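Report on one structure; see the data block that follows.
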Amino acid sequence: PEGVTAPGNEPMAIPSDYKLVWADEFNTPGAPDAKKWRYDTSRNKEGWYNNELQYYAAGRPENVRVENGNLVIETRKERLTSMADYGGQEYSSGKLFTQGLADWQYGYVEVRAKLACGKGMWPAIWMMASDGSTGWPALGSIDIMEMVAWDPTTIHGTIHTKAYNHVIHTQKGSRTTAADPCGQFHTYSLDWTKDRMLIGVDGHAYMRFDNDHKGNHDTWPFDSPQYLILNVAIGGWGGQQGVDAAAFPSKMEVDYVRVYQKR
Ligand SMILES: OC[C@H]1O[C@@H](O[C@@H]2[C@@H](O)[C@@H](O)O[C@H](CO)[C@H]2O)[C@H](O)[C@@H](O)[C@@H]1O
Ligand SMILES: OC[C@H]1O[C@H](O)[C@H](O)[C@@H](O)[C@@H]1O
Ligand SMILES: [Ca+2]
């Protein structure tokens with residue numbers, strides 16, 4: 004298959020000698036836990052990357068709230084023109100991350116989620132290196148789950164490095180089919196060790212990316228902590244077959260995040 008550059012085909016499970024080090028169960032309705040999550044508003048004025056169309060609203064229950072035991076990130080077609088950091092965007096959405104609060108070097112990450120559909124929507128569950136000194140894409144980024152809702156049953160798992168990234172079409176990725184990802188929950192899983200990453204759905208790794216063992220940061224920048232990111236972008240990749248006005252509002256629901264690490 005054309006762009007499968009990091010194929011996987013093996014089971015994944017929480018190793019027996021790993022412990023739970025961090026979780027959000029999202030069982031307390033209201034605002035996300037401020038000891039666990041912060042809002043990224045860093046590019047609201049300038050505009051987000053990837054020709055994205057959304058404004059990411061902080062402190063707005065209409066975009067980001069915990070209810071019925073899930074985190075909800077909801078896209079809306081509206082101009083939040085009263086925000087000081089407004090960048091002319093036609094849509095609102097949310098982006099949460101654990102940056103500065105919680106980060107991990109190696110481990111087993113599980114995110115149970117139901118995804119946001121409608122042509123335009125680009126839900127993501129991903130990580131970035133806590134030390135961004137080398138910039139993107141050198142620092143290393145981990146896409147545990149991306150979906151673009153013009154192809155809503157296709158789940159993409161991808162890593163980006165300096166040598167291996169989407170700007171030069173060398174990203175290391177795979178994809179699999181999941182049943183109705185916007186109408187039912189699935190478990191999106193990362194098993195990250197010093198020697199390889201597995202990315203999967205419901206216990207099956209469809210992606211594997213190996214440490215080449217050359218000690219080259221350009222091919223393996225993953226020996227340092229990564230923080231977790233939950234977002235629903237609009238346009239860019241999500242807009243390849245257009246943005247449908249009728250598709251707003253749309254939500255991604257996250258039942259839980261669980262992170263495990265070797266004891
Ligand atoms: O903001 C850091 C970096 O993000 C890129 O896009 C990422 C993509 O590389 C991958 O990691 O998936 C996530 C979630 O779908 C995208 O936001 C941008 O291409 C880049 O310009 C930016 O520096
Ligand atoms: O356009 C950016 C997207 O491009 C790709 O095809 C990658 O798999 C994905 O991780 C990235 O976010
Ligand atoms: Ca829950």
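Residue numbers (the deposited numbering): 4 to 266.
Ideal Cβ positions, reconstructed from N, Cα and C, are used throughout, including at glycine.
Hey, is residue i close to ligand 2, as in C-beta under 7 Å from one of its heavy atoms?
i      : result
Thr161 : yes
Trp240 : yes
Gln174 : yes
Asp247 : no
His169 : yes
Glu5   : no
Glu28  : no
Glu256 : no
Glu13  : no
Have a look at residue i and residue j and give me their C-alpha separation to the nearest angstrom.
i           : j      : result
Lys98       : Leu56  : 13 Å
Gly6        : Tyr167 : 13 Å
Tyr111      : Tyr58  : 31 Å
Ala182      : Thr156 : 6 Å
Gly33       : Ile237 : 24 Å
residue 267 : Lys165 : What the structure shows of the chain is the stretch from 4 to 266, and residue 267 is not part of that stretch, so it cannot be assessed.
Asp43       : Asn66  : 13 Å
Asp213      : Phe225 : 11 Å
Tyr209      : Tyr259 : 22 Å
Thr190      : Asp146 : 14 Å
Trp240      : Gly176 : 15 Å
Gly121      : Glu93  : 16 Å
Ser133      : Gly245 : 34 Å
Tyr52       : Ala119 : 19 Å
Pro252      : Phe100 : 22 Å
residue 267 : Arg266 : The question about residue 267 has no answer, for the chain in this structure spans 4 to 266.
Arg199      : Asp215 : 9 Å
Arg63       : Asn54  : 23 Å
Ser95       : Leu142 : 28 Å
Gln264      : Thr196 : 9 Å
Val170      : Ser144 : 13 Å
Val262      : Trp107 : 9 Å
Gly242      : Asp154 : 11 Å
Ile76       : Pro18  : 30 Å
Buried or exposed: where does residue i fall if 16 or more other Cβ atoms within 10 Å of its Cβ makes it buried?
i      : result
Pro35  : buried
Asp194 : buried
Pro4   : exposed
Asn71  : exposed
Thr179 : buried
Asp221 : exposed
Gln187 : exposed
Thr31  : exposed
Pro184 : buried
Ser192 : buried
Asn73  : buried
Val151 : buried
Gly123 : buried
Is residue i near ligand 1 - that is, is its Cβ less than 7 Å away from at least one heavy atom of it?
i      : result
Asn53  : yes
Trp125 : yes
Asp146 : yes
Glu149 : yes
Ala105 : no
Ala236 : yes
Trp153 : no
Compute every distance between the C-beta of residue i and the non-hydrogen atoms of ligand 3, then say whether any falls below 7 Å.
i      : result
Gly72  : yes
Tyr191 : no
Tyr259 : yes
For this session: Enumerate, from N- to C-terminal direction, the unbroken beta strand (DSSP E) stretches of 3 or more residues contained entirely within the segment 119–201.
Result: 124–132, 144–149, 157–163, 175–180, 189–195
Problem set entry | Unbroken stretches of the beta strand (DSSP E), 3 residues or longer, contained in the segment 46–117 | 57–59, 67–70, 73–80, 94–96, 98–100, 110–117
Problem set entry | the segment 48–65 touching the segment 14–29, judged by at least three CB pairs closer than 8 Å | no
Exercise. Does the count of Cβ pairs from the segment 198–205 and the segment 6–21 closer than 8 Å reach three?
Worked result: yes
For this session: Taking 8 Å as the threshold, find out whether the segment 100–117 comes into contact with the segment 230–250 through three or more Cβ pairs.
Result: Flag = yes, the segment 100–117 and the segment 230–250 touch.
Exercise. Touching or not, the segment 73–88 and the segment 141–160, by the rule of three or more beta carbon pairs under 8 Å?
Worked result: no
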